[PDB]
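First comes the structure, then the notes that go with it.
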Amino acid sequence: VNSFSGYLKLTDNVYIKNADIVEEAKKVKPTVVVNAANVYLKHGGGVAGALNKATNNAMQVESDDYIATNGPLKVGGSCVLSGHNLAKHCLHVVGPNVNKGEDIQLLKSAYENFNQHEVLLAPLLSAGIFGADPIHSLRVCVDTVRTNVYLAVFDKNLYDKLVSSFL
Ligand SMILES: CNC(=O)[C@@H]1CCCC[C@@H]1Nc1ncnc2[nH]c3cc(F)ccc3c12
């Protein structure tokens, strides 16, 4: 039993909800919140911009030190950093950005990072400003992640479309 409330159950381990991941993280304080990161950990917009703003830019400060030491992530890769005031840890995961021409076949590799964590609060990778089809992203998530994932979907209209079309 965990503290996540009001989710629809899609499968044994995947749950989906209409919620602002920022407000959801601040309330649940989950062990792991997933960020929709880019390779440079430049948290400028989308989910990443929202999470960073909620940390009063501390996420960005930590991220810049990480990149200065380690260099950029791989598309499809991830790193574990602090969750600041939102969660114990933030798993920064790089889904492919269709608006940059990146291979959508890397979306499965991106979701594989979730399997290193027993329970996660997460957005749909590569959705939103990353330009991929959120319906497809949900399919890859369900078919790739084996650990317990709680998806927060900000847009209520998108949430209903995701549920109504789920197979
Ligand atoms: C990297 N991909 C994206 O940003 C996507 C673009 C639009 C479709 C959904 C998805 N974003 C989100 N998913 C869950 N919670 C969210 N809270 C937010 C607060 C904000 F200010 C901005 C965006 C989100 C957001």
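Numbering starts fresh at 1 for the residues of each chain in the structure tokens, the chains themselves are lettered A, B, ... in the order given, and ligands are numbered from 1 as they appear.
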Quick one: residues within 10 Å of residue 146 in chain A, only C-alpha atoms, excluding same-chain residues fewer than 2 positions away - as a PyMOL selection string? chain A and resi 12-14+111-112+114-119+141-144+148-149
How would the residues just picked look written out with N, CA, C and O atoms as a PDB file, in the first residue's frame?
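Output below, filename selection.pdb:
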```pdb
ATOM      1  N   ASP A  12      -1.587  -4.376 -14.124  1.00  0.00           N
ATOM      2  CA  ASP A  12      -1.093  -4.794 -12.822  1.00  0.00           C
ATOM      3  C   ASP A  12      -0.269  -3.704 -12.141  1.00  0.00           C
ATOM      4  O   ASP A  12      -0.370  -3.513 -10.922  1.00  0.00           O
ATOM      5  N   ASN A  13       0.562  -2.984 -12.903  1.00  0.00           N
ATOM      6  CA  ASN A  13       1.555  -2.090 -12.323  1.00  0.00           C
ATOM      7  C   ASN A  13       1.480  -0.645 -12.794  1.00  0.00           C
ATOM      8  O   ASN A  13       2.231   0.182 -12.264  1.00  0.00           O
ATOM      9  N   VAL A  14       0.640  -0.311 -13.773  1.00  0.00           N
ATOM     10  CA  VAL A  14       0.545   1.047 -14.301  1.00  0.00           C
ATOM     11  C   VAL A  14      -0.782   1.667 -13.887  1.00  0.00           C
ATOM     12  O   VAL A  14      -1.851   1.056 -14.040  1.00  0.00           O
ATOM     13  N   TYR A 111      12.082   4.381 -21.331  1.00  0.00           N
ATOM     14  CA  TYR A 111      11.231   3.781 -20.309  1.00  0.00           C
ATOM     15  C   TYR A 111      11.937   2.674 -19.528  1.00  0.00           C
ATOM     16  O   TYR A 111      11.592   2.435 -18.366  1.00  0.00           O
ATOM     17  N   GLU A 112      12.917   1.985 -20.130  1.00  0.00           N
ATOM     18  CA  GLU A 112      13.625   0.937 -19.401  1.00  0.00           C
ATOM     19  C   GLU A 112      14.277   1.470 -18.131  1.00  0.00           C
ATOM     20  O   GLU A 112      14.446   0.724 -17.159  1.00  0.00           O
ATOM     21  N   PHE A 114      12.981   3.226 -15.949  1.00  0.00           N
ATOM     22  CA  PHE A 114      12.031   3.156 -14.841  1.00  0.00           C
ATOM     23  C   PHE A 114      12.152   1.836 -14.080  1.00  0.00           C
ATOM     24  O   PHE A 114      11.801   1.763 -12.898  1.00  0.00           O
ATOM     25  N   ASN A 115      12.614   0.774 -14.745  1.00  0.00           N
ATOM     26  CA  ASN A 115      12.656  -0.539 -14.107  1.00  0.00           C
ATOM     27  C   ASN A 115      13.686  -0.635 -12.993  1.00  0.00           C
ATOM     28  O   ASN A 115      13.676  -1.621 -12.249  1.00  0.00           O
ATOM     29  N   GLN A 116      14.558   0.362 -12.854  1.00  0.00           N
ATOM     30  CA  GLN A 116      15.528   0.391 -11.768  1.00  0.00           C
ATOM     31  C   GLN A 116      14.942   0.931 -10.472  1.00  0.00           C
ATOM     32  O   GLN A 116      15.679   1.060  -9.487  1.00  0.00           O
ATOM     33  N   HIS A 117      13.645   1.251 -10.449  1.00  0.00           N
ATOM     34  CA  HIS A 117      12.993   1.850  -9.293  1.00  0.00           C
ATOM     35  C   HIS A 117      11.658   1.165  -9.060  1.00  0.00           C
ATOM     36  O   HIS A 117      10.865   1.007  -9.994  1.00  0.00           O
ATOM     37  N   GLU A 118      11.410   0.778  -7.810  1.00  0.00           N
ATOM     38  CA  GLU A 118      10.231  -0.029  -7.513  1.00  0.00           C
ATOM     39  C   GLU A 118       8.926   0.722  -7.744  1.00  0.00           C
ATOM     40  O   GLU A 118       7.922   0.104  -8.138  1.00  0.00           O
ATOM     41  N   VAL A 119       8.907   2.025  -7.470  1.00  0.00           N
ATOM     42  CA  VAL A 119       7.707   2.846  -7.592  1.00  0.00           C
ATOM     43  C   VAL A 119       8.133   4.227  -8.078  1.00  0.00           C
ATOM     44  O   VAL A 119       9.104   4.798  -7.569  1.00  0.00           O
ATOM     45  N   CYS A 141       5.096   2.592 -22.573  1.00  0.00           N
ATOM     46  CA  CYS A 141       5.230   2.521 -21.122  1.00  0.00           C
ATOM     47  C   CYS A 141       4.678   1.202 -20.593  1.00  0.00           C
ATOM     48  O   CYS A 141       5.361   0.472 -19.861  1.00  0.00           O
ATOM     49  N   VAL A 142       3.444   0.869 -20.976  1.00  0.00           N
ATOM     50  CA  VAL A 142       2.796  -0.333 -20.468  1.00  0.00           C
ATOM     51  C   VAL A 142       3.567  -1.581 -20.869  1.00  0.00           C
ATOM     52  O   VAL A 142       3.625  -2.561 -20.115  1.00  0.00           O
ATOM     53  N   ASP A 143       4.119  -1.588 -22.078  1.00  0.00           N
ATOM     54  CA  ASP A 143       4.815  -2.747 -22.617  1.00  0.00           C
ATOM     55  C   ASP A 143       6.281  -2.820 -22.204  1.00  0.00           C
ATOM     56  O   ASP A 143       6.958  -3.793 -22.559  1.00  0.00           O
ATOM     57  N   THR A 144       6.793  -1.831 -21.472  1.00  0.00           N
ATOM     58  CA  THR A 144       8.208  -1.773 -21.111  1.00  0.00           C
ATOM     59  C   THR A 144       8.434  -1.739 -19.610  1.00  0.00           C
ATOM     60  O   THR A 144       9.336  -2.430 -19.107  1.00  0.00           O
ATOM     61  N   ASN A 148       6.173  -0.303 -10.553  1.00  0.00           N
ATOM     62  CA  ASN A 148       4.885   0.361 -10.331  1.00  0.00           C
ATOM     63  C   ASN A 148       4.999   1.830 -10.713  1.00  0.00           C
ATOM     64  O   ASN A 148       5.736   2.591 -10.074  1.00  0.00           O
ATOM     65  N   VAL A 149       4.277   2.234 -11.751  1.00  0.00           N
ATOM     66  CA  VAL A 149       4.376   3.582 -12.284  1.00  0.00           C
ATOM     67  C   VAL A 149       3.018   4.269 -12.196  1.00  0.00           C
ATOM     68  O   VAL A 149       1.988   3.719 -12.617  1.00  0.00           O
TER      69      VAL A 149
END
```
Could you pull the residues within 12 Å of residue 136 in chain A, counting only C-alpha atoms, minus those fewer than 5 positions along the same chain, as an NGL selection string? :A and (104-105 or 107-108 or 124-127 or 131 or 141-143 or 162 or 165-167)
Could the residues in this selection be saved with N, CA, C and O atoms as a JSON list (two decimals), in the first residue's frame?
```json
[["chain", "number", "residue", "atom", "x", "y", "z"],
["A", 104, "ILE", "N", 12.31, 7.64, -32.53],
["A", 104, "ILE", "CA", 11.28, 7.27, -31.57],
["A", 104, "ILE", "C", 11.50, 5.87, -31.01],
["A", 104, "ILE", "O", 10.99, 5.56, -29.93],
["A", 105, "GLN", "N", 12.26, 5.02, -31.71],
["A", 105, "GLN", "CA", 12.60, 3.71, -31.17],
["A", 105, "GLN", "C", 13.40, 3.81, -29.88],
["A", 105, "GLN", "O", 13.50, 2.81, -29.16],
["A", 107, "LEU", "N", 12.39, 5.55, -27.43],
["A", 107, "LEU", "CA", 11.42, 5.72, -26.35],
["A", 107, "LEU", "C", 11.39, 4.49, -25.45],
["A", 107, "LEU", "O", 11.28, 4.60, -24.22],
["A", 108, "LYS", "N", 11.51, 3.29, -26.03],
["A", 108, "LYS", "CA", 11.53, 2.10, -25.19],
["A", 108, "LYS", "C", 12.75, 2.09, -24.27],
["A", 108, "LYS", "O", 12.63, 1.81, -23.08],
["A", 124, "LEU", "N", 4.27, 11.08, -19.12],
["A", 124, "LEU", "CA", 4.48, 10.31, -20.33],
["A", 124, "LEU", "C", 5.68, 10.85, -21.08],
["A", 124, "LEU", "O", 5.68, 11.99, -21.55],
["A", 125, "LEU", "N", 6.71, 10.01, -21.19],
["A", 125, "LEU", "CA", 7.94, 10.41, -21.88],
["A", 125, "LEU", "C", 7.65, 10.80, -23.32],
["A", 125, "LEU", "O", 6.80, 10.21, -23.99],
["A", 126, "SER", "N", 8.40, 11.79, -23.79],
["A", 126, "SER", "CA", 8.39, 12.30, -25.16],
["A", 126, "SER", "C", 7.07, 12.95, -25.56],
["A", 126, "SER", "O", 6.94, 13.35, -26.72],
["A", 127, "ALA", "N", 6.10, 13.07, -24.65],
["A", 127, "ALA", "CA", 4.85, 13.75, -24.92],
["A", 127, "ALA", "C", 5.04, 15.26, -24.80],
["A", 127, "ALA", "O", 6.15, 15.76, -24.59],
["A", 131, "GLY", "N", 6.99, 16.26, -28.66],
["A", 131, "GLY", "CA", 6.45, 16.06, -29.99],
["A", 131, "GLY", "C", 5.97, 14.67, -30.36],
["A", 131, "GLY", "O", 5.50, 14.49, -31.49],
["A", 141, "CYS", "N", 5.10, 2.59, -22.57],
["A", 141, "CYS", "CA", 5.23, 2.52, -21.12],
["A", 141, "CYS", "C", 4.68, 1.20, -20.59],
["A", 141, "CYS", "O", 5.36, 0.47, -19.86],
["A", 142, "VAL", "N", 3.44, 0.87, -20.98],
["A", 142, "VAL", "CA", 2.80, -0.33, -20.47],
["A", 142, "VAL", "C", 3.57, -1.58, -20.87],
["A", 142, "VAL", "O", 3.62, -2.56, -20.11],
["A", 143, "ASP", "N", 4.12, -1.59, -22.08],
["A", 143, "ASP", "CA", 4.81, -2.75, -22.62],
["A", 143, "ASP", "C", 6.28, -2.82, -22.20],
["A", 143, "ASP", "O", 6.96, -3.79, -22.56],
["A", 162, "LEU", "N", -6.68, 9.44, -23.42],
["A", 162, "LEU", "CA", -5.77, 8.33, -23.13],
["A", 162, "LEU", "C", -6.53, 7.14, -22.56],
["A", 162, "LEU", "O", -6.30, 6.00, -22.97],
["A", 165, "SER", "N", -9.11, 5.33, -25.15],
["A", 165, "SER", "CA", -8.51, 4.59, -26.25],
["A", 165, "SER", "C", -7.55, 3.50, -25.79],
["A", 165, "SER", "O", -6.90, 2.87, -26.63],
["A", 166, "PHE", "N", -7.46, 3.25, -24.48],
["A", 166, "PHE", "CA", -6.48, 2.29, -23.99],
["A", 166, "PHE", "C", -6.93, 0.87, -24.28],
["A", 166, "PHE", "O", -8.09, 0.51, -24.05],
["A", 167, "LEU", "N", -6.01, 0.05, -24.78],
["A", 167, "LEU", "CA", -6.30, -1.35, -25.06],
["A", 167, "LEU", "C", -5.72, -2.24, -23.97],
["A", 167, "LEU", "O", -4.51, -2.44, -23.89]]
```
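All residues, whether protein, DNA or RNA, that have an atom at most 7 Å from ligand 1 (counting only C-alpha atoms and all ligand atoms) are residues 19, 20, 21, 22, 36, 45, 46, 47, 48, 49, 50, 123, 124, 125, 126, 127, 128, 129, 130, 152, 153, 154 and 155 of chain A.
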Next, write the just-selected residues to a file, as a short mmCIF file (atom, residue, chain, number, x, y, z; two decimals), in the first residue's frame, keeping N, CA, C and O atoms as the atom set.
```cif
data_model
loop_
_atom_site.label_atom_id
_atom_site.label_comp_id
_atom_site.auth_asym_id
_atom_site.auth_seq_id
_atom_site.Cartn_x
_atom_site.Cartn_y
_atom_site.Cartn_z
N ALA A 19 -3.54 15.02 -13.32
CA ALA A 19 -2.97 15.76 -12.21
C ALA A 19 -1.76 16.52 -12.70
O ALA A 19 -1.13 16.15 -13.69
N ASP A 20 -1.47 17.62 -12.00
CA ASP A 20 -0.23 18.36 -12.19
C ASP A 20 0.86 17.65 -11.39
O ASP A 20 0.78 17.57 -10.16
N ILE A 21 1.87 17.13 -12.09
CA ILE A 21 2.91 16.35 -11.44
C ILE A 21 3.60 17.16 -10.35
O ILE A 21 4.02 16.60 -9.32
N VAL A 22 3.70 18.48 -10.52
CA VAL A 22 4.29 19.33 -9.49
C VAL A 22 3.47 19.28 -8.21
O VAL A 22 4.00 19.05 -7.12
N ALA A 36 11.01 14.77 -17.37
CA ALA A 36 11.15 14.78 -18.83
C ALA A 36 12.32 15.69 -19.18
O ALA A 36 12.17 16.85 -19.56
N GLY A 45 11.34 24.34 -20.09
CA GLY A 45 9.92 24.36 -20.37
C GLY A 45 9.36 22.96 -20.24
O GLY A 45 10.07 22.00 -19.92
N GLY A 46 8.06 22.85 -20.51
CA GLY A 46 7.43 21.56 -20.33
C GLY A 46 7.48 21.14 -18.88
O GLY A 46 7.59 21.96 -17.96
N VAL A 47 7.42 19.82 -18.67
CA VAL A 47 7.47 19.27 -17.32
C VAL A 47 8.75 19.69 -16.61
O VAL A 47 8.74 19.98 -15.41
N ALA A 48 9.88 19.67 -17.32
CA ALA A 48 11.16 20.00 -16.70
C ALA A 48 11.16 21.44 -16.20
O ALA A 48 11.64 21.71 -15.09
N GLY A 49 10.64 22.37 -16.99
CA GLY A 49 10.55 23.75 -16.53
C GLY A 49 9.68 23.88 -15.30
O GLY A 49 9.98 24.65 -14.39
N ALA A 50 8.58 23.12 -15.26
CA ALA A 50 7.66 23.18 -14.13
C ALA A 50 8.29 22.60 -12.87
O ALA A 50 8.19 23.18 -11.78
N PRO A 123 5.66 11.51 -15.78
CA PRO A 123 4.90 11.95 -16.95
C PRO A 123 5.06 10.92 -18.06
O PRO A 123 5.89 10.01 -17.98
N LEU A 124 4.27 11.08 -19.12
CA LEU A 124 4.48 10.31 -20.33
C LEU A 124 5.68 10.85 -21.08
O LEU A 124 5.68 11.99 -21.55
N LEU A 125 6.71 10.01 -21.19
CA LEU A 125 7.94 10.41 -21.88
C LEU A 125 7.65 10.80 -23.32
O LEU A 125 6.80 10.21 -23.99
N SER A 126 8.40 11.79 -23.79
CA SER A 126 8.39 12.30 -25.16
C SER A 126 7.07 12.95 -25.56
O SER A 126 6.94 13.35 -26.72
N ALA A 127 6.10 13.07 -24.65
CA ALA A 127 4.85 13.75 -24.92
C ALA A 127 5.04 15.26 -24.80
O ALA A 127 6.15 15.76 -24.59
N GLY A 128 3.94 16.00 -24.92
CA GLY A 128 4.01 17.44 -24.77
C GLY A 128 4.96 18.04 -25.79
O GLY A 128 4.93 17.69 -26.97
N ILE A 129 5.82 18.94 -25.32
CA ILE A 129 6.73 19.66 -26.21
C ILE A 129 7.79 18.78 -26.84
O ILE A 129 8.52 19.26 -27.72
N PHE A 130 7.93 17.52 -26.41
CA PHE A 130 8.85 16.59 -27.08
C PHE A 130 8.27 16.03 -28.38
O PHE A 130 9.00 15.37 -29.13
N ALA A 152 1.06 10.94 -14.11
CA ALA A 152 0.33 12.19 -13.95
C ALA A 152 0.23 12.86 -15.31
O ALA A 152 1.26 13.15 -15.93
N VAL A 153 -1.00 13.10 -15.76
CA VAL A 153 -1.27 13.74 -17.04
C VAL A 153 -1.91 15.09 -16.75
O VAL A 153 -3.01 15.15 -16.18
N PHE A 154 -1.22 16.16 -17.14
CA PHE A 154 -1.66 17.50 -16.80
C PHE A 154 -2.96 17.87 -17.51
O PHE A 154 -3.86 18.45 -16.89
N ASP A 155 -3.07 17.55 -18.79
CA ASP A 155 -4.20 18.02 -19.60
C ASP A 155 -5.40 17.10 -19.40
O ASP A 155 -5.33 15.90 -19.69
#
```
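For the choices A:68, A:163, A:156, A:76, the atom-to-atom distance to residue 102 in chain A is smallest for A:76 when using only C-alpha atoms.
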What parts of chain A does DSSP call alpha helix (DSSP H)? I'd like the answer as an NGL selection string. :A and (21-28 or 46-54 or 58-70 or 106-112 or 134-144 or 156-164)
Contacts of residue 88 in chain A within 8 Å, only C-alpha atoms, excl. fewer than 2 positions in-chain, as number ranges by chain: A: 29-32, 82-86, 90
Range 1-71 of chain A: residues DSSP assigns to strand (DSSP E or B), reported as a PDB file with N, CA and C atoms, in the first residue's frame:
```pdb
ATOM      1  N   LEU A   8      -6.592   5.698 -11.974  1.00  0.00           N
ATOM      2  CA  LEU A   8      -7.194   4.588 -12.697  1.00  0.00           C
ATOM      3  C   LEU A   8      -6.122   3.532 -12.956  1.00  0.00           C
ATOM      4  N   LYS A   9      -6.498   2.266 -12.813  1.00  0.00           N
ATOM      5  CA  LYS A   9      -5.571   1.152 -12.956  1.00  0.00           C
ATOM      6  C   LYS A   9      -5.656   0.643 -14.390  1.00  0.00           C
ATOM      7  N   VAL A  14       0.640  -0.311 -13.773  1.00  0.00           N
ATOM      8  CA  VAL A  14       0.545   1.047 -14.301  1.00  0.00           C
ATOM      9  C   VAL A  14      -0.782   1.667 -13.887  1.00  0.00           C
ATOM     10  N   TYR A  15      -0.700   2.900 -13.393  1.00  0.00           N
ATOM     11  CA  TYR A  15      -1.832   3.692 -12.942  1.00  0.00           C
ATOM     12  C   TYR A  15      -1.744   5.059 -13.612  1.00  0.00           C
ATOM     13  N   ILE A  16      -2.898   5.649 -13.975  1.00  0.00           N
ATOM     14  CA  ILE A  16      -2.930   6.902 -14.732  1.00  0.00           C
ATOM     15  C   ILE A  16      -3.956   7.860 -14.131  1.00  0.00           C
ATOM     16  N   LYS A  17      -3.653   9.162 -14.170  1.00  0.00           N
ATOM     17  CA  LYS A  17      -4.481  10.171 -13.506  1.00  0.00           C
ATOM     18  C   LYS A  17      -4.304  11.526 -14.189  1.00  0.00           C
ATOM     19  N   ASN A  18      -5.334  12.377 -14.060  1.00  0.00           N
ATOM     20  CA  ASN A  18      -5.283  13.780 -14.483  1.00  0.00           C
ATOM     21  C   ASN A  18      -4.801  14.588 -13.284  1.00  0.00           C
ATOM     22  N   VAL A  32      10.507   8.627  -5.895  1.00  0.00           N
ATOM     23  CA  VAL A  32      11.069   8.984  -7.191  1.00  0.00           C
ATOM     24  C   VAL A  32      10.022   9.745  -7.991  1.00  0.00           C
ATOM     25  N   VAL A  33      10.370  10.954  -8.423  1.00  0.00           N
ATOM     26  CA  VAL A  33       9.642  11.659  -9.473  1.00  0.00           C
ATOM     27  C   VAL A  33      10.503  11.653 -10.727  1.00  0.00           C
ATOM     28  N   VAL A  34       9.884  11.354 -11.867  1.00  0.00           N
ATOM     29  CA  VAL A  34      10.570  11.359 -13.148  1.00  0.00           C
ATOM     30  C   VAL A  34      10.452  12.733 -13.781  1.00  0.00           C
ATOM     31  N   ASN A  35      11.587  13.265 -14.230  1.00  0.00           N
ATOM     32  CA  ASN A  35      11.617  14.454 -15.066  1.00  0.00           C
ATOM     33  C   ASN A  35      11.781  14.074 -16.528  1.00  0.00           C
ATOM     34  N   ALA A  36      11.007  14.768 -17.370  1.00  0.00           N
ATOM     35  CA  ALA A  36      11.146  14.784 -18.825  1.00  0.00           C
ATOM     36  C   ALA A  36      12.323  15.691 -19.176  1.00  0.00           C
TER      37      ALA A  36
END
```
Long-range neighbours of residue 59 in chain A as a PyMOL selection string, 12 Å cut-off, only C-alpha atoms, 2 positions minimum in chain: chain A and resi 35+37+41-44+48-57+61-66+80-87+89-92
Export, as a tab-separated table (two decimals), in the first residue's frame, the selected residues with N, CA, C and O atoms.
```tsv
chain	number	residue	atom	x	y	z
A	35	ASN	N	11.59	13.26	-14.23
A	35	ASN	CA	11.62	14.45	-15.07
A	35	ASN	C	11.78	14.07	-16.53
A	35	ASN	O	12.55	13.16	-16.87
A	37	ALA	N	13.52	15.14	-19.04
A	37	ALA	CA	14.77	15.87	-19.19
A	37	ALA	C	15.24	15.88	-20.65
A	37	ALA	O	14.77	15.10	-21.49
A	41	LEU	N	20.24	18.61	-19.41
A	41	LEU	CA	19.55	18.94	-18.17
A	41	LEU	C	19.25	20.44	-18.07
A	41	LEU	O	19.37	21.05	-17.01
A	42	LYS	N	18.87	21.02	-19.20
A	42	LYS	CA	18.43	22.41	-19.24
A	42	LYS	C	16.91	22.41	-19.09
A	42	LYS	O	16.18	22.03	-20.02
A	43	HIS	N	16.44	22.80	-17.92
A	43	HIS	CA	15.05	22.58	-17.53
A	43	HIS	C	14.22	23.84	-17.83
A	43	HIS	O	13.77	24.56	-16.94
A	44	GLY	N	14.01	24.06	-19.12
A	44	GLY	CA	13.48	25.34	-19.57
A	44	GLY	C	11.98	25.45	-19.74
A	44	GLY	O	11.42	26.54	-19.61
A	48	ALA	N	9.88	19.67	-17.32
A	48	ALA	CA	11.16	20.00	-16.70
A	48	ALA	C	11.16	21.44	-16.20
A	48	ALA	O	11.64	21.71	-15.09
A	49	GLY	N	10.64	22.37	-16.99
A	49	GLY	CA	10.55	23.75	-16.53
A	49	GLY	C	9.68	23.88	-15.30
A	49	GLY	O	9.98	24.65	-14.39
A	50	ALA	N	8.58	23.12	-15.26
A	50	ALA	CA	7.66	23.18	-14.13
A	50	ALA	C	8.29	22.60	-12.87
A	50	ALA	O	8.19	23.18	-11.78
A	51	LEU	N	8.93	21.43	-12.97
A	51	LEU	CA	9.58	20.85	-11.80
A	51	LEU	C	10.66	21.77	-11.27
A	51	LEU	O	10.76	22.00	-10.06
A	52	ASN	N	11.48	22.33	-12.16
A	52	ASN	CA	12.58	23.16	-11.70
A	52	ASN	C	12.07	24.42	-11.01
A	52	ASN	O	12.60	24.83	-9.97
A	53	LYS	N	11.04	25.05	-11.59
A	53	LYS	CA	10.47	26.25	-10.98
A	53	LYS	C	9.99	25.95	-9.56
A	53	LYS	O	10.18	26.76	-8.65
A	54	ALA	N	9.38	24.78	-9.36
A	54	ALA	CA	8.88	24.41	-8.04
A	54	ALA	C	10.01	24.20	-7.04
A	54	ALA	O	9.76	24.32	-5.83
A	55	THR	N	11.23	23.90	-7.50
A	55	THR	CA	12.40	23.81	-6.62
A	55	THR	C	13.12	25.14	-6.46
A	55	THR	O	14.23	25.16	-5.90
A	56	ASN	N	12.54	26.24	-6.92
A	56	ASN	CA	13.19	27.55	-6.80
A	56	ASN	C	14.56	27.55	-7.49
A	56	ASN	O	15.51	28.19	-7.04
A	57	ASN	N	14.67	26.81	-8.60
A	57	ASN	CA	15.87	26.70	-9.46
A	57	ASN	C	16.97	25.83	-8.85
A	57	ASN	O	18.04	25.70	-9.45
A	61	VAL	N	20.53	24.30	-10.62
A	61	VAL	CA	21.87	24.48	-10.06
A	61	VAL	C	22.56	23.13	-9.89
A	61	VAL	O	23.71	22.94	-10.30
A	62	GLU	N	21.84	22.15	-9.33
A	62	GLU	CA	22.39	20.81	-9.16
A	62	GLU	C	22.71	20.19	-10.52
A	62	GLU	O	23.75	19.53	-10.69
A	63	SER	N	21.81	20.38	-11.48
A	63	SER	CA	21.98	19.80	-12.81
A	63	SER	C	23.19	20.37	-13.53
A	63	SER	O	23.91	19.64	-14.21
A	64	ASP	N	23.43	21.68	-13.40
A	64	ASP	CA	24.57	22.28	-14.08
A	64	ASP	C	25.88	21.73	-13.53
A	64	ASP	O	26.84	21.49	-14.28
A	65	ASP	N	25.94	21.50	-12.21
A	65	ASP	CA	27.11	20.87	-11.63
A	65	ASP	C	27.27	19.44	-12.15
A	65	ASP	O	28.39	19.01	-12.46
A	66	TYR	N	26.16	18.70	-12.26
A	66	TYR	CA	26.23	17.34	-12.80
A	66	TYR	C	26.80	17.33	-14.22
A	66	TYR	O	27.67	16.51	-14.54
A	80	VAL	N	20.09	9.82	-11.76
A	80	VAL	CA	19.40	10.05	-10.50
A	80	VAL	C	20.03	11.24	-9.80
A	80	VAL	O	21.24	11.25	-9.52
A	81	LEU	N	19.22	12.25	-9.51
A	81	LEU	CA	19.65	13.42	-8.75
A	81	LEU	C	18.67	13.64	-7.60
A	81	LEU	O	17.74	12.84	-7.39
A	82	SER	N	18.87	14.71	-6.85
A	82	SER	CA	17.98	14.99	-5.73
A	82	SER	C	16.57	15.30	-6.22
A	82	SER	O	16.37	15.88	-7.29
A	83	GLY	N	15.58	14.94	-5.40
A	83	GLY	CA	14.21	15.37	-5.62
A	83	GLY	C	13.87	16.69	-4.97
A	83	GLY	O	12.74	17.16	-5.11
A	84	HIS	N	14.81	17.31	-4.26
A	84	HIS	CA	14.63	18.63	-3.65
A	84	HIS	C	13.39	18.60	-2.76
A	84	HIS	O	13.26	17.66	-1.96
A	85	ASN	N	12.50	19.57	-2.86
A	85	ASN	CA	11.30	19.64	-2.04
A	85	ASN	C	10.14	18.84	-2.62
A	85	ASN	O	9.04	18.90	-2.08
A	86	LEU	N	10.36	18.10	-3.71
A	86	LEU	CA	9.29	17.43	-4.42
A	86	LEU	C	9.24	15.92	-4.20
A	86	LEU	O	8.17	15.33	-4.33
A	87	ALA	N	10.37	15.30	-3.89
A	87	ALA	CA	10.50	13.85	-3.84
A	87	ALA	C	11.86	13.58	-3.21
A	87	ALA	O	12.69	14.48	-3.10
A	89	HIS	N	14.13	11.51	-4.64
A	89	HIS	CA	14.99	11.51	-5.80
A	89	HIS	C	14.23	11.99	-7.02
A	89	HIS	O	13.02	11.79	-7.13
A	90	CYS	N	14.95	12.61	-7.95
A	90	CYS	CA	14.44	12.84	-9.29
A	90	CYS	C	15.22	11.99	-10.28
A	90	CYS	O	16.45	12.09	-10.37
A	91	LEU	N	14.51	11.15	-11.02
A	91	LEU	CA	15.08	10.40	-12.13
A	91	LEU	C	14.89	11.23	-13.40
A	91	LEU	O	13.77	11.36	-13.90
A	92	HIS	N	15.97	11.83	-13.89
A	92	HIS	CA	15.94	12.61	-15.12
A	92	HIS	C	16.08	11.65	-16.29
A	92	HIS	O	17.13	11.02	-16.44
```
